[PDB]
């Protein structure tokens, strides 16, 4: 069914009207692309997954949007080769659940499991294990791409079509529609983590902990940090680090089903704050609560600690998500940018801190080794012009923004942040001379 629909990214801003094709028939999808290609110039087409990108990369005002979520077959899982063969519309939660009984683990998980394989590839997503596992694109062994000429090209990371493979990774759907892919999974003997927790008192402590060599001992690592408090409390963090557990590390209670996968506003409607919360006893409690060694945790506990806070309303509309990475060596610059945020009069509570490891060969891939930050600002007067200033500082400090989080940076800024963009554009124009694939983001960021 083709239907005119008003679409936004997860941020609920920059809405646009598109014809949304929603069909489980792959032949039908090929036809829609064949059609647009024969128009000989229109507003093009773009794939859309579960719409978890905050910005405008999965919409196409006055053009076609192809919803890929019906194409959601897991074709095979093989424990011996560790390979999964899945439709692009398969989501990571579905995949995780299907693969666990084989002793296989999704090699890269984002902070939400409601993302499609196509969206994971097109945004080259990263997770808590980036420093040890790279991003999603690193684990794709092949994918089938529906190109503008209406052909399906079988792409591999090292084969004859390697250039197009690596332009599609992180390509935000602008090389064509990923129909199907083979992913190499991580072997695992349990669905649990062994975790170590640390709590730092300041930005300086947070940085030292990430720079002291301890990161090499954990496959998974991420932190919450304070973005509101004045120094020295600015940049103090709760750090969660771990690795997948082996069967013997589990307590007997859980050894029987090692691979099995199994809130607070309902218990405490008054809130969590008491008379002690912000004084010295509170500080002591938080420090001890966030400090531990060898704690066995399931996925929700280790990986989705946002889940227990239920209704606590800070992620829908009226918030601007901002994510950037600063190269590792630029520690002084990084610290400066954190100070700029604190003094801005814009207050973010939901803050992510993570040290990225080595980048991959995708020219538009977001992650580079360095200090990754997410912040979430309430929309209020002055914010648009302030984040523009942030863009300037991110750029001048060698860093970049993430397309999966952006709806408002300029083409000029984006291009300077991605010095391989011309290289990428040359590939896209080779594979899509007629701009059959197009999106609001493509036009805004001049990637069309």
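In this text, the rigid core denotes the largest set of C-alpha atoms whose superposition between the two forms falls within 1.5 Å. Residue numbers count along the first chain shown, from 1.
Larger root-mean-square CA separation from the shown form, computed after a rigid core fit of the structures in 9 other deposited structures of this protein, is seen for 283-291 when 283-291 is set against 349-357. Among other deposited entries of this protein with both flanking residues present, none omit coordinates for residue 167; it is modelled throughout, well short of a third.
Missing-residue comparison: residue 238 falls in the unmodelled set for none of the other PDB entries checked, so it is not missing from a third of them. The entry shows a gap from residue 312 to residue 313, with 1 to 3 unmodelled residues of the deposited sequence in between. Unmodelled residues of the deposited sequence between neighbouring positions residue 262 and residue 263 number 4 to 9. Averaged over CA atoms, B-factors in the entry run higher in 249-257 than in the other of 170-178 and 249-257. As recorded in the PDB entry, 302-310 is the stretch of 302-310 and 96-104 with the greater mean C-alpha temperature factor. Based on the entry's C-alpha B-factors, the most elevated value among 419, 399, 41, 382 belongs to 41. Highest C-alpha temperature factor among 72, 211, 328, 323, as the PDB entry reports it: 211. Among the modelled residues of the chain, residue 353 sits in the lowest third by CA temperature factor in this PDB entry.
When the modelled residues of the chain are ordered by C-alpha B-factor, residue 359 sits in the lowest third. The PDB entry assigns residue 27 a C-alpha temperature factor belonging to the highest third of its chain's modelled residues. When the modelled residues of the chain are ordered by their C-alpha B factor, residue 317 lands in the highest third.
Ranked by C-alpha B-factor against the other modelled residues of its chain, residue 130 falls in the lowest third.
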